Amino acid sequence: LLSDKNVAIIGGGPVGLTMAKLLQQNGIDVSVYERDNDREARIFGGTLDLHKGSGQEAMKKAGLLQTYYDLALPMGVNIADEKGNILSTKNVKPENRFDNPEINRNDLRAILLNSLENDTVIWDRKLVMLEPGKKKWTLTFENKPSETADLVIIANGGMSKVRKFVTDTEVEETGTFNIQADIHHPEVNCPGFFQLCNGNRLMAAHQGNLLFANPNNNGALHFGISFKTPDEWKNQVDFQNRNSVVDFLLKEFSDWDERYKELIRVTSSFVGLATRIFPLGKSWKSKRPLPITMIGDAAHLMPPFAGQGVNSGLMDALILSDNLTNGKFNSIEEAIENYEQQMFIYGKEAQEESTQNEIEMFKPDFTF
């Protein structure tokens, strides 16, 4: 199918890099175009864990499952209330230690980058436009020379603006909002909350405000505070202004234990982000001018609160890469169609669980 042809993957996130590995290890000529300036760019966010049957199956097929295991950390979960009482402690039993250990996102990028041949990823390449030719796409990048490919795979995340050859679907806001931050040396800077986590991830919910924390993301504490988007914000917190963010959060958390307030007070900077979804519904465009598809969040971005996210994208890469290389399809288009039909099933399943969970967890009286 791909002999004497080449593949362009747009985006070097965990899904795109996994895509590249699974193609390249079957002898496919594939490049990844990534907007990040270079591989040393820090990725902001919590940890990821990979699941048996999906994310771990993609690593296994790439020969990287042990590498993931060696850099990942099994973590228990504590459920606390707003007063700081631990309502539930579930540690990881040894027989479950491979189920879904947490890995830092930069560590995961490094594993995948190290598995690829040199110069597979072309850095500082922000795709802005695609144009189909007779047999090859032309790729236009921001202030860089163009490239061509027989097959384009869109893998550049939930806010991709290069989707229109595949679908007219637009991303949507779901109505919840997320504030995220890191605390370095949390054992010094938020000792009370750090000891509350006690090596476990911690979650707590009270009157429509949700808090989730990881006390040990490669030595830092990552936490997220989520809530229904305030109506006053429709169409007011400047997240560049930590003093404005601290003031808002301290009002929201006014009846939470001081160990939670300390987290807010000592945070150096905050990142805010509306929850969004790229909804799978009616089929994507049929009879596209040249072969093109999408994987990962570009295909099915969904709320993250129940753990859906990267694993459905890693499934995409596993399925699409097998269809493109197993010699069973008469054309790249047919291989793509088969992947998309499968992804519509498990992707819709995951989106409905994520949306249902979001409705439930943000009811004003929810508790874990």
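Start at 1 and count along the sequence shown; that's the residue number. The term rigid core refers to the most C-alpha atoms you can superpose between the two forms while keeping them within 1.5 Å.
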> Core fit done; bigger CA RMS in 4 other deposited structures of this protein for 301 to 309 or for 23 to 31?
Replying inline: 301 to 309
> Is it true that residue 138 goes unbuilt in a third or more of the other compared entries of this protein?
Replying inline: no
>> In a third or more of the other compared PDB entries with flanking residues modelled, does residue 235 go missing?
In response: yes
>> Can you tell me how many deposited residues have no coordinates between residue 118 and residue 119? The categories are none, 1 to 3, 4 to 9, and 10 or more.
In response: none
> Out of 83 to 91 and 101 to 109, which stretch has the higher average CA B-factor listed in the record?
Replying inline: 83 to 91
> In the PDB record, does 178 to 186 or 238 to 246 carry the higher mean Cα temperature factor?
Replying inline: 238 to 246
> Of 156, 229, 140, 214, which one's C-alpha B factor is largest in the deposited record?
Replying inline: 229
> Whose CA atom has the top B-factor in the entry, of 131, 170, 147, 150?
Replying inline: 170
> How does residue 46 rank on Cα B-factor within its chain, lowest, middle or highest third?
Replying inline: lowest
>> Split into thirds by Cα B-factor across the chain's modelled residues, where does residue 61 land: lowest, middle or highest?
In response: middle
>> Looking at the temperature factor on the CA atom of residue 72, which third of the chain's modelled residues does it land in?
In response: middle
> Mind checking which third residue 35 falls in for C-alpha B-factor across the chain?
Replying inline: lowest
> If you rank every modelled residue in this chain by C-alpha B factor, which third holds residue 299: lowest, middle or highest?
Replying inline: lowest
